[PDB]
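First comes one chain, alone, set out as structure tokens in the form deposited in one PDB entry.
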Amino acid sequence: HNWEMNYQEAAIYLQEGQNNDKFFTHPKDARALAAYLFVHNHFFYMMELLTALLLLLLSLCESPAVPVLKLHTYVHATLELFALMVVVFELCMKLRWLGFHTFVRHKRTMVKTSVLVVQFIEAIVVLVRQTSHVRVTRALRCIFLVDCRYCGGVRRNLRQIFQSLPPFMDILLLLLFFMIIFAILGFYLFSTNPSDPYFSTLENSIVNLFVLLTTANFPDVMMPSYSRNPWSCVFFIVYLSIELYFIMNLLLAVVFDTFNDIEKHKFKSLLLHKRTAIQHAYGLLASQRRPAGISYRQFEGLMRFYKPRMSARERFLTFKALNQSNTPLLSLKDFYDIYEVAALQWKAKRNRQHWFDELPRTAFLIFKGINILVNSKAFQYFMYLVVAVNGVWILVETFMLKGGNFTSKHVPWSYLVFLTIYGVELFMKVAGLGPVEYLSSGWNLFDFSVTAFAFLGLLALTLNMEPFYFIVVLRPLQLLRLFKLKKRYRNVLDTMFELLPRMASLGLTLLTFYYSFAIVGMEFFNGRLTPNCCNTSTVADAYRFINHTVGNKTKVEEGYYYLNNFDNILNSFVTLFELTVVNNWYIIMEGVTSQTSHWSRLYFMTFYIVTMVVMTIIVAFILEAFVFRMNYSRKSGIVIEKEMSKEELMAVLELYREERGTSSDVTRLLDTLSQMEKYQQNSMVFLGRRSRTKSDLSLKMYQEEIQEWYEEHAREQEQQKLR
């Protein structure tokens, strides 16, 4: 019980090295160990996130809601009470794990407790009065999402846009300085004009130049001055070529540079944190013996709690893979590489195929012959001609049937023939190569997926299921196979498919900002946009709904911009998505401000600044990752190969049978014995493959100054371990 307490404690010291938290897990009692084990279970994470998504997705049943989900007020008030009750359960177990002083000084938990208190109080107020008040506190409900473990990518993304914000704010200050100067001079030059509503008041000119900054109304503000005096074009040329050409590109440059330094120090602090984590782990497995090292049974324990799904043969392989010495023990230099060796999967050296062992003759030459021909180059070179024939067939059938080849309810024999030939070569390729040897590439599962949609088109044509005909309309996705010829497409789609998870996280941060702005706009802008509204405004043309009932058929004219409501979450997400692409945003602004006040211009101006920050940080991320990988591949997974003897396997078998593990460890070592008996050899030569990530990539790039970081951090340990 003493050793296993040391093994679980040391396995915690490795697990906390990856998630960038400071070290708090040191137990005085075993109750803290049981509390860590209770709160870092996989079930606790899924409970925490599913409560958070229930608490967000309940907001489409509130007093502004879709009409099909309009619950009664006590129902959703009680559902908020139960969801907040189990969030109190979450914080109760967090308090049991940490202390009391650590639970207060930790900032993130205290933020979540405060938001819990205010939403709990206002929920009880709703349940008493049974009428919803203004209830603007729902915008803070995102904090329950972001504190979860599964969106820690969202969290470090969000602090990365926080840290890059001062070099944004100063250049934003310079840009606003020039628009106030040009708004003053614009008010002087064009206010003496009874024809334009664009420069009637100095505040109205500040508004119209803030909209001109983002290129939203450019010719329409220039024209009434350009009608009188043709030399007024120099005003808008000089203004727009200062801001759109100097200052905006300057802003992209400055945020890009700061993003580079933040990436460098993020990597550095992660390395130093992993360094102290491994040093504490080696310290807990101290020897009190005349050599300094770790015996094999302790490394059994570390791989028995950390990485629990790794069996015995791979455990001994990881012990030799870290060894790199002819010793019975380990070191530190041969032990700091534990993160990059324990992450791989081990295989033996067979040469078989997954569909040949059952086979006798008279059919083995068939399938082996298919594997032979499917490895040939001219077969692939035949397949690209088939795809090109498909593409010319779609193009010629298009410009012969005059574009009417898609609405018809009979397929003109193209999609039948082509899906047959793609399908039989799909089945031939998979059965020829084996399933896992086929799935291991990238483009092949794309071929499998798109034909997998495509057979449902045949399920849609011959049967009585009309609305699946759009799969038949998606013929030309098969031409996307053909991009794998040119080299730059393979490179740039490799980096596209490798940057996808971070762009998913950036998208979810953007949905956080949309959620809070959608709620805080949902309450104040509820029913202020109707058809034929805002008729006294200046953009009254866009809000119109006119019947022309001549001929008893009432042909209707409408400008449709009244559909951008703020009625529920769904119309407001569609509206806010129409504001982040920039064009025609001042129409929604001038409509809402023509119904509420002058102060609600400030809502939309603030929204444009926030979406400007988020989009320029997305651009900066894509540029850094693409430049970093392109600099790697012009300065040059991984496969390791080791081997173990027969007698070492027998002795380790004696130790494992002594230690009395499960039957799987014994019988898989017996299976290794059967492989040595069937092949009639002495040593088992193995392979371990690991995929290459950004961490090892950054180690190869910053390999010049990294030793200075280690040595400086070593003496800063000694300055902080004499006190």
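Quick note: we count residues from 1 along the sequence shown, nothing fancier. Only the largest set of C-alpha atoms that superpose within 1.5 Å between the two forms is called the rigid core.
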Count, per the entry, the deposited residues between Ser636 and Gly637 that are not modelled, and return the matching class: none, 1 to 3, 4 to 9, or 10 or more. 4 to 9
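Omitted here: the form deposited in another entry. The next part is about that form.
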Superposing on the rigid core, which residue among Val207, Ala123, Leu251, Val154 shifts its Cα by at least 2 Å between the shown form and the other one? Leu251
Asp696: after superposing the rigid core, is there a C-alpha shift of 2 Å or more between the shown form and the other one? yes
Superposing on the rigid core, does the Cα of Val685 end up 2 Å or more away between the shown form and the other one? yes
Could you check, with the core superposed, whether the Cα atom of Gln288 shifts 2 Å or more between the shown form and the other one? yes
